[PDB]
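Shown below, as structure tokens, is a lone chain in the form deposited in one PDB entry; questions about how it binds or moves come after it.
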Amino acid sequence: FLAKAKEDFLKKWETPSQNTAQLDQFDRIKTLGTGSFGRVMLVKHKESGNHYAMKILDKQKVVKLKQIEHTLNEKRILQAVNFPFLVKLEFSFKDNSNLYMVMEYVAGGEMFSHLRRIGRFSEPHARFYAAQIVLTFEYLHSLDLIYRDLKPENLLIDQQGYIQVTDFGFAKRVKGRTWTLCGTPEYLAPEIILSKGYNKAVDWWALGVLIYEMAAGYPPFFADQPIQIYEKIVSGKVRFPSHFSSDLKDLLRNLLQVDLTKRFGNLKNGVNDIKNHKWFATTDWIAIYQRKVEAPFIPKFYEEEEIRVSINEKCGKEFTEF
């Protein structure tokens, strides 16, 4: 009976929450780091006492870098969704100068830098992470959301060693097909490259690419020039390292299926063809969803400038919906 997850997403999708907090409600502790459009600040919600990561997006910068649609889309998705492996948007508001995304404070690590530092993951460790992505894509797809941007860079490891998807700029809600050429070359599904339309099956392609990259330490398709990567994706084969189990190679043959009508995740049994695959025979799907499996990696956990908000409104039109 999770037609309630759909019903609730749809209320929030149809009437997105706006100005759910304001700046004067947060104590500013310190700057955590710098983003594309401004700082992320550790803040204490004055009422509750909880700490959050407040991302400050300068509207003028977002316009200048032509990231308007992506910013709006990301916020709109994040205020509608609810799933254990999606970063939690706690509050959003705007003022004359900035957009504010008040995120759950997650003192974790980055999948990208953990993968690159370790070199590669064991199949059982790759499988632990992959199962979180499988359940996430099941959720997103049941809401007609195509993520279409999977890659380690988009995944952080929280304090329990579980995944959170951190970026929804590219994700599109759409019932059938869409055409936008977007993503990063190594993770492009062939039906995206061939420019005749694609659907949610491109996420299962990208899962294949991620599992391979986790298990090998490098992705299946790579080259000095993007056109060489596109050639490989479209009409190349894949080469599995000899260390890959036959279970893993069989799963990847069916995820990195160049023909989307035969790709696992896109057939009559849908997500069950992936969940019921041999490689995932040891995965307790319910237990992964409940974060009851012990994770293999637990992350370890002066120059302060004020925020100036203009008295004049900037980019009112561009960010009306926010």
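If you superpose the two forms and keep the largest set of C-alpha atoms that fall within 1.5 Å, you have the rigid core. Each residue number is its position in the shown sequence, starting from 1.
Heads up, the form deposited in another entry isn't pictured, but that's what we're talking about next.
Undergrad: Once you align the rigid core, which of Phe244, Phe93, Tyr139, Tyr230 turns out to move its Cα at least 2 Å between this form and the one not shown?
TA: Spelled out, the residue whose C-alpha shifts by 2 Å or more is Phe93.
Undergrad: Does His277 show a Cα shift reaching 2 Å between this form and the one not shown after rigid-core superposition?
TA: Comparing forms between this form and the one not shown, the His277 CA shifts below 2 Å.
Undergrad: On a core-based superposition, does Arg39 travel 2 Å or more at its Cα between this form and the one not shown?
TA: Yes, the C-alpha moves 2 Å or more.
Undergrad: Determine whether the C-alpha of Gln67 shifts by 2 Å or more between this form and the one not shown once the rigid core is superposed.
TA: The answer is yes; the displacement is at least 2 Å.
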